[PDB]
Structure formats: C-alpha cells, structure tokens
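Listed next as structure tokens is one chain, alone, in the form deposited in one PDB entry.
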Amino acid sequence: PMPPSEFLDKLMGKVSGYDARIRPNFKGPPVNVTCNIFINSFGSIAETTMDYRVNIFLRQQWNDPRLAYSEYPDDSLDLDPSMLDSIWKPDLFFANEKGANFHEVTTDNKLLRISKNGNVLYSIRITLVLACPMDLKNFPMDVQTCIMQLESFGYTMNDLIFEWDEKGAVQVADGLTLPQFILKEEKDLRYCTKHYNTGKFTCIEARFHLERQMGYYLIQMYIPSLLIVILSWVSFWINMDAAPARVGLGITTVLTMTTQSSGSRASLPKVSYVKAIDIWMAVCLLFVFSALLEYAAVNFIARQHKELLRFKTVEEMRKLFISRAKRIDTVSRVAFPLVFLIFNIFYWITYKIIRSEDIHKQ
C-alpha cells in the first residue's frame, strides 16, 4: 500500500542497523557469491599490445542476512542506479585487464534486485580489454588459449569466496564471426588461490580456445611458392647448350621467390623470433638456390669440355665429361623432387603433432 522508494530508503537509512562499508554476517563465516558472464561481442585480437577486448554482462548473486521484508506483497525490489553507494557490493577486479569502463547510454546500465529472504542480484554491462600472451612459434597452424580470471581486492579467502554457477556460467551470444580465429565451445572453468604474504585470495578463471584458419594462408604464400619450386625444376629438362635460357629461368625463379616472400611480409604479424612461414620461405629459397648451383656445376664441366675440344686421350675426356654431365643432370632430375617430398612430409608431420599437443594441455 506504500510506494517502494519510500520504503527502500528506510532499510539502509541513517537510523537503521545498516553500514555500507561492512561485510554481511560480520565476524562470521565468509559470504560467497555466484557469478555469471554473458559475452555480447568479441574481437580486436591484437598481437602487438598482446590483448583483446570484450563486452560482458557480469551478474553476481549473493545472500545477505538482513534486508528482508516478510510482510510485503512484492517479492522483488529494484534499487535506483544512481545511489548504488548505499548498498554493499563485493570488491571484484579482473587480474589481467588493461583497461575497463562502464556504458553510458541513456540510462545507467546497472541493476539491483533484492528478494524476500535477502538474496541480492547485481547485473552490470561493461566493456574491457584483457591482456593475453601469445606464442607464435608455429604461426599459421597455431591454437591460442585466452583466459580471464577475477579476484578480490583486499578480502581474504576466509572473508570472501568466489564461485562459478552450476548451470550455464559462461554464455556466448550467437553469430560472432571473428575475422581471424574460430572460437570453440570448450569453456573450461577453473579455480586459483592467490597465495600471498597476507593470506590466500579467491579466484575463478574462464578459458577460451581459439583456432586459426589456414585457408587464406594456403592459397596465398604456399601454392605459389610450391608452384615456383616446380617451375625451377623445369631447368632440369632443358639441354645444357641453351645457356641463357636456363640461366634466365634460374635467376628469375630466384627473383620470383624473393618478391613472393618480401611482398607478403607486410601482411604477416611482426615478431622477432622464427615462425613456420619463414622456414618454408627459407627452404623454398634454398631450393631455387640449389637448382642454379647445379647448373653452374654442370656448365663448368661442359665449358672445360669445350676448352679441351679446343685443345684418343684428347677426346676420351670429351665423352667422359659428357657422360659426367648427363649423369649429374639425371641424378639431380631424380633427386630434387624426392628430398623435397621427404622434407614436406617431415614438415607437415612435425607441425601436426605440435599443434595437436598444444590442444591437449589446454
């Protein structure tokens, strides 16, 4: 029969047994809370500053022994988002966050709900930037583990405990469509206990798995580099007396490999250690290097063959140097695809096992 605004200001009023900066059931057992996270948006995964940015709906539920009506018909009251300083809220902060802020749309995006027995539901909508460290030892086949973890600030484990929800603790809205990665539905929820000098502190931690697509990285920087290795292998099927043809093919294949590598370096992320891409670019450059050194090793012999033709022993080394040159051009014609196939097997095997392993440790 009375408006609730004229009642909610008398529970936490001046003449009432309520202090705003005090724990519920003080000098007693610790008051635990139940958390829930609803991600609206996800992305801007940047490797230079090593972070990402989210929009979450953090919802907390805790019990409080006072603030009970037991004589009113309305079972749920709502507190005004201006005077949030009147109620007690548990000190929560994100451990690995860079920057965070509230939302400033036409209403203050806050919500407080007090039930009959004294249960409090507190749901906000915030956006924030979480730091995550990334390792790119195997870049176009990597998986990434991006975690979050939320602490207390000055309250011990015997004073305030955090708890994940039992059913649907972390929910993700449908249709996110990351530009680089693919998020997985693992969502494993763990615990940490911050052991300090003062005492143990509570922690809970969510953990997302991201897998990188290699579709674009296959069509571009892999198929052209493979095709130009096969194009460098064309010089094993051309006769030796056509000297500027095989030289012009060899050096231009090296030029094609360099402009293929250096033309793509602006698109790749920038780190100071080796990746999986530049090992492939190094071996692909070393093959077009070796297909020209094989030609220089052949042409030196055929040139000093012609120098001895200018000078049966005079012409026995003629047919000896011809059979020597053709046996080099045959054993290179057979050997050069085979060691590259052996390297490509050992490459794709040593990368599939390592990426598979990086998923099992979580």
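Each form is matched to the other, and the largest set of C-alpha atoms that superpose within 1.5 Å is called the rigid core. One rule holds for the numbers: they count along the sequence shown, beginning at 1.
Gaps at residue 308 occur in at least a third of the other compared entries of the protein that contain both adjacent residues.
The same protein has a further form, the form deposited in another entry, not shown here; the description that follows concerns it.
Superposed on the rigid core, the two forms differ between this form and the one not shown by 2 Å or more at the C-alpha of one listed residue only; from 292, 131, 111, 206 that residue is 292. Once the rigid core is used as the reference frame, the Cα position of residue 269 differs between this form and the one not shown by 2 Å or more. After superposing the rigid core, the Cα of residue 170 is displaced by less than 2 Å between this form and the one not shown. Annotation: Cα of residue 100 displaced by less than 2 Å between this form and the one not shown, core superposition.
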